[PDB]
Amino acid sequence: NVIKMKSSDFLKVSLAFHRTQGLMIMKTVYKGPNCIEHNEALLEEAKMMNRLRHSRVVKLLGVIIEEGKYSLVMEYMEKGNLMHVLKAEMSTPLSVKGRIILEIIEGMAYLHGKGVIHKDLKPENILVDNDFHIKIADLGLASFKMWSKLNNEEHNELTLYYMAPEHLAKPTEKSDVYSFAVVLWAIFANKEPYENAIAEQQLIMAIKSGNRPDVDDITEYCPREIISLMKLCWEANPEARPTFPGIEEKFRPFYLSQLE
């Protein structure tokens, strides 16, 4: 269950140290006066997000709901996010990349099975622990309706590359599948796509017209099956994209057979 934490247990987004539980990431969403009577709804949204419990989905450890201060507290993932890892000094072996992909699939299938559409899947929202195991997060608060509203409330002192072309429409599971296709490409390219795009409006129109990440710009070995999977997952028509359970059933035997 979500802990009701107190500031007095701790010494923007910042690393934090709970005086008995240790390292944690804190996002303070609001700091101001008590202009807010969303208290019940803010806490309940936190409880709802905290009920999404899966090994590949981040844990919201606590919430701070105090007089003029509203904070979320999340486990610390010491390797940072997925793009940070892909660009690190030593490369990441193909068997670890394949396991990362499988864990992303499992986490996303869990979320969809609970009726949750992520809407902002991207390497920045894939967090990595020291063992190169991953957790899906929502660091832009696309799923924290109430906390996102509080973040831009009046009395408060405080990405395109992965978006399905229909949204450049009500996000669906298939919107997430498109985002996953581009994450697949980035995992093997070890970088963000579309580096040669000049202008944002150029990129939007190109993607809406059928432009996709440059498969030829992947320099290391990428299995043909993974190339085929990313192309299926970024099909223009969302109804042509598979589901994450359909992806898992194709990818898991391949992972066991050739990547593990």
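Just so we're on the same page, rigid core means the largest C-alpha set that superposes within 1.5 Å between forms. When you see a residue number, it is the position in the sequence shown, counting from 1.
Averaged as a root mean square over residues and superposed structures in 9 other deposited structures of this protein, CA distances to the shown form are larger in 138 to 146; the pair compared was 125 to 133 and 138 to 146 with a core fit. Once the structures in 9 other deposited structures of this protein are superposed via the core, the pair 55 to 63 and 39 to 47 is resolved in favour of 39 to 47 as the more displaced stretch (C-alpha RMS). At least a third of the other compared entries skip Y30 while keeping the residues on either side.
Looking at the other PDB entries for this protein, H155 is absent from the model in a third or more of those that include the residues around it. The segment from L168 to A169 is interrupted, since 4 to 9 residues of the deposited sequence in that interval carry no coordinates. Unmodelled residues of the deposited sequence between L11 and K12: 10 or more. Stretches 26 to 34 and 214 to 222 differ in mean CA B factor, with 26 to 34 having the higher one.
Across the two stretches, 46 to 54 and 62 to 70, the PDB entry reports the greater mean Cα temperature factor for 62 to 70. Per the deposited coordinates, the residue with the largest Cα temperature factor out of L82, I100, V177, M90 is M90. When the Cα B-factors of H118, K145, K114, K135 are read from the PDB record, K145 comes out highest. Ranked by C-alpha B-factor against the other modelled residues of its chain, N130 falls in the highest third. Among all modelled residues in its chain, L150 ranks in the highest third by Cα B-factor.
Ranked by Cα temperature factor within the chain, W185 sits in the lowest third according to the deposited record. In this PDB entry, the Cα temperature factor of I247 sits in the bottom third of its chain's modelled residues, the lowest group. Annotation for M205: C-alpha temperature factor in the middle third relative to the rest of the modelled chain, per the entry.
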